[PDB]
Amino acid sequence: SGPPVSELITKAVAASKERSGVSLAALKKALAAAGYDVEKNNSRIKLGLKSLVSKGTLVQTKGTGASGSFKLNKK
Amino acid sequence: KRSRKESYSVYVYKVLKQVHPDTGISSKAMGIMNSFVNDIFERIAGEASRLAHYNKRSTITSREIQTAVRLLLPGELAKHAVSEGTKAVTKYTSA
Amino acid sequence: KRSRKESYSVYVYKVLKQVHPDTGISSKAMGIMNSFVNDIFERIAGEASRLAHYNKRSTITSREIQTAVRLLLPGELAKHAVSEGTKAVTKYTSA
Amino acid sequence: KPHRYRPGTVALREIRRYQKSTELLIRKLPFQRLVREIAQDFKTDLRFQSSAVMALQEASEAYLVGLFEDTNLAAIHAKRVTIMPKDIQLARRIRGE
Amino acid sequence: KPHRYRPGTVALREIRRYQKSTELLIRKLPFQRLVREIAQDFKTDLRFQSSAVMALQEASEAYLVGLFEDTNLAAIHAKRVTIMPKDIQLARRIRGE
Amino acid sequence: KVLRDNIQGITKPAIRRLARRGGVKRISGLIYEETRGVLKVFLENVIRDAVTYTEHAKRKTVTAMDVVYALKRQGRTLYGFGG
Amino acid sequence: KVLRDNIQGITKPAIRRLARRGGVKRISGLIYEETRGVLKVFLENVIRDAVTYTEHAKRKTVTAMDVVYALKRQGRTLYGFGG
Amino acid sequence: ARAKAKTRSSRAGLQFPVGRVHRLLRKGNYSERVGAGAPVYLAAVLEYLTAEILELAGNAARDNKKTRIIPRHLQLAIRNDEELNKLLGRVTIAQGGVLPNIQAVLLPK
Amino acid sequence: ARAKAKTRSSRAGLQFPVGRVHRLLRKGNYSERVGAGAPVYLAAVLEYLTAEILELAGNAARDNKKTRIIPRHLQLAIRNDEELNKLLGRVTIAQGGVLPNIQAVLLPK
DNA sequence: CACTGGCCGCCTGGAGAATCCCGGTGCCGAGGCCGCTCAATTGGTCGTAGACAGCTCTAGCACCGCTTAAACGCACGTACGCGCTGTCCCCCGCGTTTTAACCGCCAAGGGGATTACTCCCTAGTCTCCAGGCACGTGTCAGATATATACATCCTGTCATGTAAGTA
DNA sequence: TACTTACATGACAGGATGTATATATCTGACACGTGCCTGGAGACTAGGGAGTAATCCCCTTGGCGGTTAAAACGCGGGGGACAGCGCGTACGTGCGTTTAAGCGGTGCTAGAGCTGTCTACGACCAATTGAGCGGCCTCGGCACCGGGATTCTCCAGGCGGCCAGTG
């Protein structure tokens, strides 16, 4: 079971916090290093990214939707 | 009656009856077999004629056609066709 | 003691001088010209032969080669070759 | 609700049918009209054997079928399944036409 | 800091050079050795006219030139610039090899 | 007597079924007019030569044998009509 | 007198030069060994043909005529070698 | 006292005509002179090619539960042998259609 | 007692040899008979083709400012003419290289 | 942070439909028979094509010594494929309406094909003669070498937009 | 929320080097004069292939009525292409080293190639035939029609993860 992957996405983006936003591939590899079967959960990560952008807690750097780069909010 | 139009009909029919006793042939398939024997005859004869010209030879013999088989026919088709060519020519020389 | 080997040297030489009085030729370009004229001659001769066989004609006339060069030479080269060959057979019959 | 197939499924059945089928795919008399139109551009009021029109139609179907073999290969080459004019032009150029 | 070109312009200077120049691109002796190695497998104890070796040299270079033009067309077809094994496979298969 | 437009005589479903024999699963909309032109060009190459065969034989009737010869000269040899 | 690994004699920069004459910007690393194989198969074809020409001619030396003639049959016509 | 007219195909043990192929070499105008074993060899090659392709045609007909060769059987016999395919890459069979082959990308998952 | 020999090359006014083309046609074994106008027509076509390609070769060499034509000039002449490229599509010129043809995407910017 | 109920992605059973498979039935092309003829056969003759033997000579193979150009390997780098997803739009599928393709039926005649006549031309042969190729030589066009000059490609610098830090 | 500032990025100039440009040199590759003998050629002739006149018939073209299968068009909708964007690698490019290609020189020889011999070999001519072809005819394999299973495909409902709600 464990926690849902929203905390996983927040941890993945907060692990590095470099100048540009983190891409989908880098965050998926981050969750793979943390430990998760991302092979059967691609639409899961897509819905998590879209949901977390829509609440405004995540701001998307350059890309559109679940593509591109994602960076942390102002506060 | 008209002018006779030569074909390979009964010949291919004999070959089919030798290889398949119960299997028949259609007329369009027989036209395609006429096209086949004419095309392969044309390819072998044309390349072997060029081989005759290249060595400045006035004769096309079994050696030139054999070499033409090695050029045109691929692989095991080539060497098997060589085998039946040799058996045919040895039977003919032995009458 | 040597044996004569035939080439198309002098004819290509006179043609290149006629179309360009000042321009020379290398030896390898001469070999390529020999190969070119041999290839074109063999193409036209083979197609003329096939036209001769297909209508059961045992003769090759300028009509046959005209048909062949209409088949092979594409577009504007065909009508120009028709023009020069017509003029050539015109002076040949008139002399 | 009336029954309804998804796209490509009928196309795939049509595929397996037309390699399964052997008959002509071009309408006979419109092809005859086309070949007469092309012929009268070279010599007017030409006459045709029906076998000649059928041979031209078979050869045209053969040319186009092989051309779409190559076109399908070029389309899957570009990670696509729908062919495009650049696929046809590519296949025609690589073939040497 | 010592000079270094960006990737690609040395390639195009090579493009302009060996398209502008004509000379043979395979080292002659290893090509001759490869030809002798292949011909040894087919009929034993073969020798080669030197002109025959350069003839295979010109023909082989031009054959590879035609293939690499076809793979260039295939690569730019696939929105790429760097050619891949499947490009040569496509070129050979469309040409019918 | 004169014929102006038989390019549309090779209809879009006919091209569809040709490509279905060709193994094509999906066909773009711009394919059909181009393949009509391509077939027209191929028929230019074939029929021009086939005509040249006919007035080579001084005939008015286009025969199937001329078509077979014209195809096989292009290396697109058709079986089933020779003879 | 034994020849064992001469396909590696067609070096990688030689393949790069060939692709430069063909007009190639970038060549993958997987390309070189299979172009060695493709060229290998091509020489198998043309040298097999030339060997048949040779043994038909009852000579022991492969000549440029046999080369250009084998290329000529395969639709790969070569000029400049006495054809 | 003329001898019995025996046939050269039966002399060589063949079905394809030695005499007709020899006559067509004489009338296809391919050389001035033709060796005697050449038509026998050429007829042997033709008979063997037709023998294999008719064998595959009959096998394909038996596969499709038909007792008669249709041109579809001929096309299936050409295209299912890769060496015969390489022999006849540029040749189209009349009414043979094309060999059933679908690329795996086209097929659904 | 005999007329002076005057060649049919001079009769047609073509520098290509009518007699030699006729000899190669007879010994190239293409028909049993050859009409007399056929080698004249063929030699005229041959001379026209050679004149046109040598004209392009001389023009290309003058474009390279070189007074002798080389196989590179022959390649430049052949590949730049669409009808000559149609005639010599599958034909390879030795040591002529290729026509400079860089695809448009390969250029920078 | 654990428990938990509703909501969306996925599993599963079942219904309809296209095809496969089983019959019957009538039919028209495949096979078989008969007359014919023409093309294969046979035997002698005659000319000749190439196999064979032998000699000569020449280029291909081997060996060797320098002599660098390049093959090669490594390292820094950047750019190219490319995997993934979001977005737009384009073509298959199906239903209905339209319409000309097919059939089939009949008239007519255009020329394909065949036969006959007759002659235009073309290949063969003895004789003759002259043009193009081997051979030799001489000689300037171009490769090479060296010295200038711009193109251009990368890099350094200035200006500016813009995101970030901040009161 | 505006003020300020440093960093990414486009605009502009400049150096370095690779390529473009100018001039000497020498050399061997192109080009020209000679011998010649072989290949072209002119006259005549035997004889045949093809050009041309006539016909017929049949096979192509033209035309009319009916069916409906094929096409055409619109709605709908899903899937296919594709734009973009980081990522991660995978060659590109530069640089020093190995070495093997390349060049120049020498020797052997084995095979290419030319020439006399002649003998197997194949084409050619008169006569004869028997196997292959044109035509007819029959019939049953197969084309077409009709009915039941099966596989396939798509959707309805039903389950699991999961996401939101709660304690």
# chains A, B, ... in the order shown; residues from 1 in each chain; ligands from 1
$ interface_residues --of "chain C" --to "chain J" --cutoff "9 Å" --atoms "only C-alpha atoms (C1' of nucleotides)" --output "MDAnalysis selection string"
chainID C and resid 2:7 9:10
$ interface_residues --of "chain D" --to "chain H" --cutoff "7 Å" --atoms "only C-alpha atoms" --output "VMD selection string"
chain D and resid 19 to 23 58 62 81
$ interface_residues --of "chain J" --to "chain G" --cutoff "12 Å" --atoms "only C-alpha atoms (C1' of nucleotides)" --output "MDAnalysis selection string"
chainID J and resid 51 59:62 70:72 79:81
$ residues_around --residues "residue 127 in chain K" --least-positions-apart "2" --cutoff "10 Å" --atoms "only C-alpha atoms (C1' of nucleotides)" --output "JSON, numbers by chain"
{"H": [2], "J": [42], "K": [125, 129]}
$ calpha_fit_rmsd --fixed "chain F" --moving "chain G"
0.6 Å
$ select_by_dssp --residues "chain B" --states "strand (DSSP E or B)" --output "list in words"
residues 24, 25, 59 and 60 of chain B
$ interface_residues --of "chain G" --to "chain C" --cutoff "12 Å" --atoms "only C-alpha atoms" --output "PyMOL selection string"
chain G and resi 65+68-69+72+77-83
$ interface_residues --of "chain J" --to "chain A" --cutoff "12 Å" --atoms "only C-alpha atoms (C1' of nucleotides)" --output "ChimeraX atom specification"
/J:1-2,8-10,82-87,163-164
$ closest_atom_pairs --of "chain J" --to "chain H" --cutoff "9 Å" --atoms "only C-alpha atoms (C1' of nucleotides)" --output "CSV"
residue,atom,partner,partner_atom,distance
J:39,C1',H:20,CA,8.8
J:40,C1',H:19,CA,6.4
J:41,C1',H:5,CA,5.8
J:42,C1',H:3,CA,7.4
J:43,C1',H:2,CA,8.6
$ residues_around --residues "residue 68 in chain E" --least-positions-apart "4" --cutoff "10 Å" --atoms "only C-alpha atoms (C1' of nucleotides)" --output "list in words"
residues 62, 63, 64, 72, 73, 74, 75, 83, 87, 88 and 91 of chain E; 18, 19, 20, 21, 22, 23, 24, 27 and 35 of chain G
$ interface_residues --of "chain K" --to "chain E" --cutoff "8 Å" --atoms "only C-alpha atoms (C1' of nucleotides)" --output "mmCIF file with C-alpha atoms (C1' of nucleotides), in the first residue's frame"
data_model
loop_
_atom_site.group_PDB
_atom_site.id
_atom_site.type_symbol
_atom_site.label_atom_id
_atom_site.label_comp_id
_atom_site.auth_asym_id
_atom_site.auth_seq_id
_atom_site.Cartn_x
_atom_site.Cartn_y
_atom_site.Cartn_z
ATOM 1 C "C1'" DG K 92 31.854 14.563 -33.700
ATOM 2 C "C1'" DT K 93 35.952 16.573 -33.328
ATOM 3 C "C1'" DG K 94 40.651 17.457 -31.671
ATOM 4 C "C1'" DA K 101 49.320 1.879 -46.391
#
$ closest_residue --among "D:37, D:96, D:16, D:48" --to "chain G" --atoms "only C-alpha atoms"
D:96
$ select_by_dssp --residues "chain F" --states "helix (DSSP H, G or I)" --output "ChimeraX atom specification"
/F:12-21,31-56,64-73
$ write_last_selection --atoms "N, CA and C atoms" --output "short mmCIF file (atom, residue, chain, number, x, y, z; two decimals), in the first residue's frame"
data_model
loop_
_atom_site.label_atom_id
_atom_site.label_comp_id
_atom_site.auth_asym_id
_atom_site.auth_seq_id
_atom_site.Cartn_x
_atom_site.Cartn_y
_atom_site.Cartn_z
N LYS F 12 -11.87 7.00 -56.01
CA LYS F 12 -11.25 6.89 -54.69
C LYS F 12 -11.45 5.53 -54.02
N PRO F 13 -12.64 4.89 -54.03
CA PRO F 13 -12.70 3.51 -53.51
C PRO F 13 -11.84 2.52 -54.28
N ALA F 14 -11.63 2.72 -55.58
CA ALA F 14 -10.75 1.83 -56.33
C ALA F 14 -9.31 1.93 -55.84
N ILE F 15 -8.84 3.15 -55.57
CA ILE F 15 -7.52 3.35 -55.00
C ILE F 15 -7.46 2.77 -53.59
N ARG F 16 -8.55 2.92 -52.83
CA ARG F 16 -8.65 2.34 -51.50
C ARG F 16 -8.45 0.83 -51.55
N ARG F 17 -9.15 0.15 -52.47
CA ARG F 17 -9.04 -1.30 -52.53
C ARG F 17 -7.71 -1.74 -53.11
N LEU F 18 -7.11 -0.93 -53.99
CA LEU F 18 -5.76 -1.23 -54.45
C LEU F 18 -4.76 -1.22 -53.30
N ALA F 19 -4.86 -0.22 -52.43
CA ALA F 19 -3.94 -0.16 -51.30
C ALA F 19 -4.29 -1.21 -50.25
N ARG F 20 -5.55 -1.63 -50.19
CA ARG F 20 -5.90 -2.76 -49.34
C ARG F 20 -5.26 -4.04 -49.85
N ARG F 21 -5.17 -4.21 -51.17
CA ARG F 21 -4.36 -5.31 -51.68
C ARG F 21 -2.89 -5.05 -51.40
N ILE F 31 -3.57 11.26 -50.95
CA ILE F 31 -2.97 10.17 -51.70
C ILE F 31 -3.61 10.02 -53.07
N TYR F 32 -4.94 10.16 -53.15
CA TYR F 32 -5.70 9.69 -54.31
C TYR F 32 -5.37 10.47 -55.57
N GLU F 33 -5.32 11.80 -55.50
CA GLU F 33 -5.03 12.59 -56.70
C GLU F 33 -3.59 12.36 -57.16
N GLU F 34 -2.69 12.15 -56.20
CA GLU F 34 -1.29 11.91 -56.53
C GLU F 34 -1.12 10.57 -57.21
N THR F 35 -1.79 9.53 -56.68
CA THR F 35 -1.71 8.21 -57.29
C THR F 35 -2.41 8.18 -58.64
N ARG F 36 -3.45 8.99 -58.81
CA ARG F 36 -4.03 9.17 -60.14
C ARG F 36 -3.01 9.75 -61.10
N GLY F 37 -2.27 10.77 -60.65
CA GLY F 37 -1.21 11.32 -61.48
C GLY F 37 -0.08 10.34 -61.74
N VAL F 38 0.28 9.57 -60.71
CA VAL F 38 1.37 8.60 -60.82
C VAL F 38 1.00 7.48 -61.78
N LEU F 39 -0.24 7.00 -61.68
CA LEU F 39 -0.74 6.01 -62.63
C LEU F 39 -0.80 6.60 -64.03
N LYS F 40 -1.17 7.88 -64.14
CA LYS F 40 -1.19 8.53 -65.44
C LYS F 40 0.21 8.59 -66.04
N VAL F 41 1.22 8.87 -65.21
CA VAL F 41 2.61 8.94 -65.68
C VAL F 41 3.11 7.55 -66.08
N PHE F 42 2.77 6.54 -65.28
CA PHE F 42 3.13 5.17 -65.60
C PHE F 42 2.48 4.72 -66.90
N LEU F 43 1.22 5.11 -67.10
CA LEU F 43 0.55 4.81 -68.36
C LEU F 43 1.13 5.63 -69.51
N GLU F 44 1.64 6.84 -69.25
CA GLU F 44 2.36 7.55 -70.30
C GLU F 44 3.55 6.72 -70.76
N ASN F 45 4.34 6.25 -69.80
CA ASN F 45 5.53 5.46 -70.10
C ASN F 45 5.18 4.16 -70.81
N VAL F 46 4.10 3.51 -70.40
CA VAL F 46 3.73 2.24 -71.01
C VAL F 46 3.09 2.45 -72.37
N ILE F 47 2.03 3.26 -72.42
CA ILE F 47 1.19 3.38 -73.60
C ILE F 47 1.90 4.10 -74.73
N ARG F 48 2.78 5.06 -74.44
CA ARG F 48 3.56 5.69 -75.50
C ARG F 48 4.38 4.66 -76.25
N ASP F 49 5.05 3.79 -75.50
CA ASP F 49 5.82 2.72 -76.10
C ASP F 49 4.92 1.70 -76.77
N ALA F 50 3.77 1.38 -76.17
CA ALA F 50 2.85 0.40 -76.76
C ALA F 50 2.29 0.89 -78.08
N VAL F 51 1.96 2.18 -78.15
CA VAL F 51 1.60 2.81 -79.40
C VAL F 51 2.74 2.68 -80.40
N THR F 52 3.97 3.03 -79.98
CA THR F 52 5.13 2.96 -80.87
C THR F 52 5.35 1.55 -81.39
N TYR F 53 5.03 0.55 -80.57
CA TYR F 53 4.96 -0.83 -81.04
C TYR F 53 3.90 -0.99 -82.13
N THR F 54 2.72 -0.37 -81.94
CA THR F 54 1.63 -0.60 -82.88
C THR F 54 1.89 0.03 -84.25
N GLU F 55 2.25 1.32 -84.31
CA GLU F 55 2.63 1.84 -85.63
C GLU F 55 4.00 1.36 -86.08
N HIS F 56 4.77 0.73 -85.20
CA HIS F 56 5.88 -0.07 -85.71
C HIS F 56 5.37 -1.25 -86.51
N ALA F 64 -2.68 -7.06 -76.81
CA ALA F 64 -2.18 -7.38 -75.48
C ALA F 64 -0.70 -7.72 -75.52
N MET F 65 -0.23 -8.24 -76.66
CA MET F 65 1.18 -8.59 -76.80
C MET F 65 2.06 -7.35 -76.72
N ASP F 66 1.62 -6.26 -77.34
CA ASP F 66 2.34 -5.00 -77.26
C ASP F 66 2.41 -4.50 -75.82
N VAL F 67 1.31 -4.65 -75.08
CA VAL F 67 1.28 -4.27 -73.68
C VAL F 67 2.27 -5.10 -72.87
N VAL F 68 2.30 -6.41 -73.13
CA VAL F 68 3.23 -7.29 -72.43
C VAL F 68 4.67 -6.89 -72.71
N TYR F 69 4.99 -6.61 -73.97
CA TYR F 69 6.35 -6.19 -74.33
C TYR F 69 6.71 -4.87 -73.68
N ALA F 70 5.78 -3.91 -73.67
CA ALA F 70 6.05 -2.60 -73.09
C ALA F 70 6.28 -2.71 -71.58
N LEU F 71 5.50 -3.55 -70.90
CA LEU F 71 5.73 -3.76 -69.48
C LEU F 71 7.06 -4.44 -69.20
N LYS F 72 7.40 -5.47 -69.97
CA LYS F 72 8.61 -6.21 -69.64
C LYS F 72 9.86 -5.44 -70.04
N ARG F 73 9.73 -4.44 -70.92
CA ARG F 73 10.90 -3.64 -71.25
C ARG F 73 11.25 -2.72 -70.08
#
$ decode --residues "range 27-47 of chain E" --atoms "N, CA and C atoms" --output "PDB file, in the first residue's frame"
ATOM      1  N   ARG E  27      41.097   2.510 -48.576  1.00  0.00           N
ATOM      2  CA  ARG E  27      42.497   2.134 -48.694  1.00  0.00           C
ATOM      3  C   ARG E  27      42.621   0.908 -49.589  1.00  0.00           C
ATOM      4  N   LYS E  28      43.535   0.991 -50.555  1.00  0.00           N
ATOM      5  CA  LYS E  28      43.520   0.071 -51.688  1.00  0.00           C
ATOM      6  C   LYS E  28      43.938  -1.330 -51.273  1.00  0.00           C
ATOM      7  N   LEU E  29      44.993  -1.427 -50.461  1.00  0.00           N
ATOM      8  CA  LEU E  29      45.504  -2.739 -50.069  1.00  0.00           C
ATOM      9  C   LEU E  29      44.523  -3.553 -49.225  1.00  0.00           C
ATOM     10  N   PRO E  30      43.868  -3.017 -48.174  1.00  0.00           N
ATOM     11  CA  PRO E  30      42.894  -3.863 -47.465  1.00  0.00           C
ATOM     12  C   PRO E  30      41.671  -4.208 -48.290  1.00  0.00           C
ATOM     13  N   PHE E  31      41.267  -3.348 -49.225  1.00  0.00           N
ATOM     14  CA  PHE E  31      40.186  -3.716 -50.132  1.00  0.00           C
ATOM     15  C   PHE E  31      40.601  -4.861 -51.042  1.00  0.00           C
ATOM     16  N   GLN E  32      41.833  -4.810 -51.554  1.00  0.00           N
ATOM     17  CA  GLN E  32      42.346  -5.902 -52.370  1.00  0.00           C
ATOM     18  C   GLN E  32      42.412  -7.192 -51.571  1.00  0.00           C
ATOM     19  N   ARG E  33      42.808  -7.091 -50.304  1.00  0.00           N
ATOM     20  CA  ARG E  33      42.891  -8.273 -49.457  1.00  0.00           C
ATOM     21  C   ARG E  33      41.508  -8.840 -49.156  1.00  0.00           C
ATOM     22  N   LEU E  34      40.515  -7.973 -48.932  1.00  0.00           N
ATOM     23  CA  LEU E  34      39.147  -8.440 -48.713  1.00  0.00           C
ATOM     24  C   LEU E  34      38.600  -9.144 -49.945  1.00  0.00           C
ATOM     25  N   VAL E  35      38.867  -8.585 -51.124  1.00  0.00           N
ATOM     26  CA  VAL E  35      38.413  -9.196 -52.370  1.00  0.00           C
ATOM     27  C   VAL E  35      39.066 -10.559 -52.572  1.00  0.00           C
ATOM     28  N   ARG E  36      40.371 -10.653 -52.303  1.00  0.00           N
ATOM     29  CA  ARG E  36      41.056 -11.936 -52.437  1.00  0.00           C
ATOM     30  C   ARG E  36      40.534 -12.948 -51.427  1.00  0.00           C
ATOM     31  N   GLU E  37      40.218 -12.488 -50.214  1.00  0.00           N
ATOM     32  CA  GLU E  37      39.667 -13.362 -49.183  1.00  0.00           C
ATOM     33  C   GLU E  37      38.316 -13.926 -49.598  1.00  0.00           C
ATOM     34  N   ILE E  38      37.458 -13.078 -50.166  1.00  0.00           N
ATOM     35  CA  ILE E  38      36.141 -13.534 -50.602  1.00  0.00           C
ATOM     36  C   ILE E  38      36.270 -14.495 -51.776  1.00  0.00           C
ATOM     37  N   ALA E  39      37.126 -14.162 -52.743  1.00  0.00           N
ATOM     38  CA  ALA E  39      37.262 -14.995 -53.932  1.00  0.00           C
ATOM     39  C   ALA E  39      37.946 -16.320 -53.627  1.00  0.00           C
ATOM     40  N   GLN E  40      38.740 -16.375 -52.554  1.00  0.00           N
ATOM     41  CA  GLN E  40      39.331 -17.639 -52.130  1.00  0.00           C
ATOM     42  C   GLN E  40      38.274 -18.625 -51.656  1.00  0.00           C
ATOM     43  N   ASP E  41      37.166 -18.124 -51.107  1.00  0.00           N
ATOM     44  CA  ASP E  41      36.110 -19.004 -50.626  1.00  0.00           C
ATOM     45  C   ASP E  41      35.292 -19.611 -51.754  1.00  0.00           C
ATOM     46  N   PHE E  42      35.364 -19.056 -52.961  1.00  0.00           N
ATOM     47  CA  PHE E  42      34.493 -19.493 -54.044  1.00  0.00           C
ATOM     48  C   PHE E  42      35.196 -20.432 -55.013  1.00  0.00           C
ATOM     49  N   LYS E  43      36.345 -20.026 -55.538  1.00  0.00           N
ATOM     50  CA  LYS E  43      37.148 -20.920 -56.356  1.00  0.00           C
ATOM     51  C   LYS E  43      38.584 -20.686 -55.919  1.00  0.00           C
ATOM     52  N   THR E  44      39.340 -21.766 -55.775  1.00  0.00           N
ATOM     53  CA  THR E  44      40.629 -21.694 -55.108  1.00  0.00           C
ATOM     54  C   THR E  44      41.715 -21.173 -56.042  1.00  0.00           C
ATOM     55  N   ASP E  45      42.737 -20.566 -55.429  1.00  0.00           N
ATOM     56  CA  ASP E  45      43.927 -20.043 -56.095  1.00  0.00           C
ATOM     57  C   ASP E  45      43.569 -19.008 -57.160  1.00  0.00           C
ATOM     58  N   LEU E  46      42.903 -17.926 -56.781  1.00  0.00           N
ATOM     59  CA  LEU E  46      42.643 -16.855 -57.733  1.00  0.00           C
ATOM     60  C   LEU E  46      43.667 -15.741 -57.614  1.00  0.00           C
ATOM     61  N   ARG E  47      44.067 -15.201 -58.759  1.00  0.00           N
ATOM     62  CA  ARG E  47      44.817 -13.961 -58.812  1.00  0.00           C
ATOM     63  C   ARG E  47      43.957 -12.898 -59.474  1.00  0.00           C
TER      64      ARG E  47
END
